[PDB]
Amino acid sequence: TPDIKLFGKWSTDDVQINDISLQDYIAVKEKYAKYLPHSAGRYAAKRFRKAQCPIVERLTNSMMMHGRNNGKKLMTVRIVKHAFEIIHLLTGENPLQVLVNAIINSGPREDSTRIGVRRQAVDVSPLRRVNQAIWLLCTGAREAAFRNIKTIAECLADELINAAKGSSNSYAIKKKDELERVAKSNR
Amino acid sequence: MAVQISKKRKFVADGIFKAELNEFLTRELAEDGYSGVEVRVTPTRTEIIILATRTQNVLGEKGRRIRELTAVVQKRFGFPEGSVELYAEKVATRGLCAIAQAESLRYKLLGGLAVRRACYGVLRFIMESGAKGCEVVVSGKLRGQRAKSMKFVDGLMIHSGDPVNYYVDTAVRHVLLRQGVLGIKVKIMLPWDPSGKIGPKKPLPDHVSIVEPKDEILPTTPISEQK
Amino acid sequence: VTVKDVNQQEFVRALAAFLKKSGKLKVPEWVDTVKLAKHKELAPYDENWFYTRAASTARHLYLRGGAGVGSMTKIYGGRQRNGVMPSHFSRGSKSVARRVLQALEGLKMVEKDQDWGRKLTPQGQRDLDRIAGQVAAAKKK
Amino acid sequence: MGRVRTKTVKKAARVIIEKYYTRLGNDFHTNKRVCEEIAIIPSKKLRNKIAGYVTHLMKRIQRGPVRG
Amino acid sequence: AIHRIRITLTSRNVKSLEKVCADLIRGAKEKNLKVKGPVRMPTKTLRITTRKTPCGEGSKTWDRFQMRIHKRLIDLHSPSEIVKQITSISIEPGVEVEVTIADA
Amino acid sequence: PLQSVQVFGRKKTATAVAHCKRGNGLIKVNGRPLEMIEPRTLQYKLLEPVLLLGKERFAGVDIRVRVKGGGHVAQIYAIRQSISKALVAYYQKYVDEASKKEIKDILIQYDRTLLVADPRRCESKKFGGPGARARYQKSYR
RNA sequence: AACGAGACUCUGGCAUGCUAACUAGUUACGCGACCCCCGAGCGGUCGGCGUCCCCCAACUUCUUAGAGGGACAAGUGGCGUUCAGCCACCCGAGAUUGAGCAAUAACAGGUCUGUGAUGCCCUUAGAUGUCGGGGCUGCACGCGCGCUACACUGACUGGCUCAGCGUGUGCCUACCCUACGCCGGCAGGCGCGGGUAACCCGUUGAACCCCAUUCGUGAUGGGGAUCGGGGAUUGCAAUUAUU
Ligand SMILES: [Mg+2]
Ligand SMILES: [Mg+2]
Ligand SMILES: [Mg+2]
Ligand SMILES: [Mg+2]
Ligand SMILES: [Mg+2]
Ligand SMILES: [Mg+2]
Ligand SMILES: [Mg+2]
Ligand SMILES: [Mg+2]
Ligand SMILES: [Mg+2]
Ligand SMILES: [Mg+2]
Ligand SMILES: [Mg+2]
Ligand SMILES: [Mg+2]
Ligand SMILES: [Mg+2]
Ligand SMILES: [Mg+2]
Ligand SMILES: [Mg+2]
Ligand SMILES: [Mg+2]
């Protein structure tokens, strides 16, 4: 620990990416362990510099969207913080493993391109699998807590939980299944 | 005031003064080859210098014109009597001052001459006096009722970059005739006088130049001669 | 301990009770019908707002001498929403800040400075340091 | 990108080499000073570009001879 | 006797201003006048941004003119006669030179 | 015998100067302790160097930091870079060389911008748009 | 061979190397003083806080601004007719900051309402060259650039804590930026000072952001149109509401 940063409280060892493709594109442990999801981060400089970014800072960045949320990142770090504690209560598992499983369960691996309403099926790159997973997971929390009495932190944890426990009750998994079904039709 | 004007207003006011004096002396000494003023505020006095090509015409008979000029410059700008002091001077190599050639061509055209003949005469003069290049444009109703433009270029001429703030002299002059105005534009390139003041120093940026030495001998024998 | 070594949001909270524990620091009469700045919409929630603002003004005078009313009203100035037109920055209320500084002088806590302005007395630095020590020893910082 | 030198740089470097062939070496920070002292380049960026092409030419003249 | 005197120069051209200030420093130091080095105050930048066209037609382009005012000051401890001796020589360009008799 | 060193850090027009001097602990920025710098959401950000080199390296020095410029987040990075740039400079003048190149590598492996500032600055606005790259809305018909 | 491109100029990034500074500072202690034990201790000595006061202290790290330096596809590995060059990497403040300037030829583009630039035509004393009043703002409707919102990633009320580019007393022309004391809920008023400015406003206590209260999915405490009544200031004059 004196040389192992957790998150303040969440240990980042004993977290297993159980995919062979999506690893090397999910920067959780052993070199990307950091105290906070907030760095200067000149990650948008070259083509693939983005995969070296910690995944929690890839979610913190994507969560601040739709107009009156742009640049409000210190508001977007406390959201992830309050959500990880909700996740640890509702389940009991290390809240980073739930995030990794949710990212794995919601990135589509087949998709379709408009060509020549003609579409043709193609297979998704791993980086695009991670990007689509993050975007889908954030949009679900956004649309779930837009006029509810529930808070953006309860619904983000709801989304992550229903995604890691593949249930089709999360917005991200309904959307994945549609893209892969529409792509299977156009096969 | 008890506390005088601030530095910003002071410098802006100096510039406006110089511009108005230059306009005034332009509108008057045109027929005498006026080519610029140099306000040199010296201890105890405000000295103004007028370069020109015909200095006798500037001062006149015993200096009546020059004294009238001192008089008006002292009346209009509010100077204490005895301060404004004015000098005339002759410009060397008049063929390289654009304003002089522009006004010369304007009066040569105002007196009746084939516009091509006049433009080619001034081109000849400007290039003969020593100049990397010149360019004279005349725009207006030349030979008809529809306007046109006639451009006479010669030698080298640059249009782009910083080296154009020096290395070129530009002059634009209107000339009114029996039917509408004509526009005269003269541009000249100064021929890089090193350490001199007929052109600029500091040669063109893309002008790397190499020197070649000698006195190196290949025949050699290891002799150590003493002194 | 010093005043700078402790969380200031609890320091203001303790000093407000200190001020509203003595009976001194006579408040104005218009305390219940005043908006506190041009750019506000309602009266302050907290009924005993004058003691909190006196504590705030005192802790502000501890940190910079010679403040005077025209700066207290800049220290409490914020944003004004002009309805349909864009928002701008706005000053606090001179009457409130002036009455607060006059009520602090009525406690020997502050004095009018040598250059024009207001400043803490030696007796005010002591009352702020004692409350700082009390706060530090309370929360075991 | 760019990094394609211009004829004003290449001709200057070729002349500098063809006259002072024996003063020029293989390192850049010395060729820079040599070309600074033997010629008159009216800029510092141009000086660096000329001295950087001189080095790339010298690295070739040590092999088979160039044709300019 | 001795006096604390302040010279101030200001102009729109750096080369000639620095040349004048340096020659003044030298020509005053050679007589052991205990000069105080030049103090470079911030450079002022007047800016005027105008429309490029008369008449209001065309694409909406603009021109950005600007003037720059450089300022320096020198401090000397010397009799005023020597100050007027040294300050009134070799003033080539349109730089200003102001002398004040007591500033310290 | 005096023994001290002053260094600086920058991030987006926000300078932070740190003065390191032989003493005991006491990393103090602007007179207040390091645990009470305004945004406490980034509390773990200006604690990283000491949480990286251990409390024992900051045991013979007394660092005092002063900050001025930028905003609430550009100053956290200034402080966090300045104290590291200070401990690395104090270890290379009054201690051995390997003793400084060890902590230099410990710091520069976990994160750059702890020793090397980054050159990103705001870009200028151009006429014809609300910012540097955006343009106003085009309108045919 | 010439122009344009490039070169060029301004700008942003780096120098614990140089030059040198009460109209900028740092550190030191000379200090002196306030305060609290907050530490050993006693409370003193040692310390801790200070935009509290001084130095004919030492210095230039931060500030200022001048001179030089520094980057060249220079080093290393691939791909290249082994040429011009391209990709990757080490070292590095940086390996692709941003603007200014810009050619020949042309358009029945815009400007006679910028001009004591201007040709021709018109008017010239019952004037098309001056004062008072009204208009340029009128409203069934069509269109363009935009501001504020549709709320809980929020509104409200308190507390806390950070900028940079600028401008500032006007000649005809009469008006500038404001400190601090008092008075008033507020807009605002009275009284006395500083500044022609790195000197005074000013250490420019900016907003979003940060930390705690109240609200609770209801066109609601979201939103702030429309309209009634009252109070100030600028001005010679406010109605068709100037602010
Ligand atoms: Mg060219
Ligand atoms: Mg160019
Ligand atoms: Mg913007
Ligand atoms: Mg050819
Ligand atoms: Mg190679
Ligand atoms: Mg490196
Ligand atoms: Mg460029
Ligand atoms: Mg063109
Ligand atoms: Mg016109
Ligand atoms: Mg006409
Ligand atoms: Mg008009
Ligand atoms: Mg009239
Ligand atoms: Mg009228
Ligand atoms: Mg109109
Ligand atoms: Mg438009
Ligand atoms: Mg608020």
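Residues numbered from 1 in each chain as written, not as in the entry; some residues may be left out. Chains lettered and ligands numbered in written order. Part of a larger assembly, values for the part shown. Heavy atoms only, no water.

For this deposited structure, the header cites cryo-EM as the method used and 3.04 Å as the resolution.

Undergrad: How do you make sense of the interface of chain F and chain C when you look at a structure like this?
TA: One frequently used descriptor of interface size is the decrease in accessible area upon assembly of the parts. Contacts between chain F and chain C engage 7 residues on the former and 7 residues on the latter. For the pair chain F and chain C, the two sides together bury roughly 440 Å², of which 45% comes from carbon and sulfur. Joining chain F to chain C, the criterion identifies 0 salt bridges. Counted by class, the side of chain F that touches chain C contains 2 nonpolar, 2 polar and 3 charged residues. (Contact = heavy atoms within 4.5 Å. Buried area = accessible area lost by both parts, 1.4 Å probe. Salt bridge = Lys/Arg side-chain N within 4 Å of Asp/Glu carboxyl O. Nonpolar A, V, L, I, M, F, W, Y, C, P; charged D, E, K, R; others polar.)

Undergrad: What am I meant to see in the interface of chain F and chain A here?
TA: Contact residues are listed per partner, giving 14 residues for chain F and 15 residues for chain A. Of the roughly 1500 Å² buried where chain F meets chain A, counting both sides, 61% is carbon and sulfur surface. Here chain F is connected to chain A by 1 salt bridge. Where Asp 118 of chain F meets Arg 42 of chain A, a salt bridge forms, and the shortest distance between an N and an O atom there is 2.8 Å. Joining chain F to chain A, the criterion identifies 4 residue pairs in polar contact. Breaking the side of chain F that touches chain A down by element, the ones donating at least two residues are helix 1 (48-53) and helix 3 (98-110) of chain F. When its residues are assigned to classes, the side of chain F that touches chain A shows 7 nonpolar, 2 polar and 5 charged. (Polar contact = N/O pair within 3.5 Å; in protein donor to acceptor, adjacent residues only side chain to side chain. Helix = DSSP H or I, 4+ residues; strand = E, 2+ residues; numbered from the N terminus.)

Undergrad: I tried to follow the protein's contact with RNA strand G on my own but got confused; where do I start?
TA: Not every one of the 165 residues close to RNA strand G is listed here, only the nearest: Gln 4 of chain B, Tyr 45, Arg 59 and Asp 129 of chain C together with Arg 72 of chain E. Atoms of RNA strand G within 4 Å of the protein belong to the sugar or the phosphate in 71% of instances, the rest to bases. Between RNA strand G and the protein, one listed contact pairs a phosphate oxygen with a side-chain N or O atom of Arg 33 of chain D at 3.4 Å. Per-element accounting of the surface near RNA strand G gives the leading share, 8 residues, to helix 3 (residues 45-61) of chain D. Classifying every residue of the surface near RNA strand G gives 49 nonpolar, 49 polar and 67 charged. (Near = heavy atom within 4 Å.)

Undergrad: Help me understand the sheet that holds strand 5 (residues 148-155) of chain B, please; the structure alone is not making it clear to me.
TA: The strands making up a sheet associate through backbone hydrogen bonding, with each pair oriented either parallel or antiparallel. Residue and element names in this part refer to chain B. Taking strand neighbours across the sheet as the criterion, the 4 strands line up as 5-4-7-6 in an open arrangement whose pairing is antiparallel. Of all the strands in the sheet, just strand 5 and strand 6 (168-176) have a single pairing partner and so form its edges. Going from strand to strand, the sheet's axes swing by 10 degrees on average, the running direction of each strand aside. Relative to strand 5, strand 4 (residues 133-140) is paired through 8 bridges, and the arrangement is antiparallel. Within strand 5, the position partnered with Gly 140 by the bridge is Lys 148. Sitting on the sheet, helix 4 (residues 98-110) touches strand 4, strand 6 and strand 7 (181-189), and the angle it makes with strand 6 is about 25 degrees. (Pairing = 2+ DSSP bridges. Axes fitted to C-alpha atoms, helices over the stretch in contact; angles between N-to-C directions.)

Undergrad: What exactly am I supposed to notice about the packing of aromatic side chains here?
TA: Two descriptors summarise a pair of aromatic rings, namely the distance from one centre to the other and the angle between the planes of the rings. A complete count under the given rule lists 8 aromatic pairs over all chains for this structure. Consider the rings of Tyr 166 of chain B and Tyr 167 of chain B, whose centres lie 5.8 Å apart with planes at 40 degrees: the pair is tilted. Here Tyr 166 of chain B falls in the partly exposed class, since its relative accessible area comes to 25%. Accessibility expressed as a relative area gives 1% for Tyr 167 of chain B, which makes it buried. With a centroid separation of 5.7 Å and 55 degrees between ring planes, the pair formed by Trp 49 of chain C and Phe 50 of chain C is classed as tilted. Comparing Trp 49 of chain C with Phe 50 of chain C shows no difference in burial state: the two are buried. Here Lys 34 of chain A stacks its cationic end above the ring of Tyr 110 of chain F, 5.0 Å away from the centre of that ring. (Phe/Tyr/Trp six-rings, centres within 6.5 Å; stacked < 30°, edge-to-face > 60°. Buried < 20%, exposed > 50% of the residue type's maximum accessible area, 1.4 Å probe, protein only. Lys NZ or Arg CZ within 6 Å of the ring centre and 35° of its normal.)

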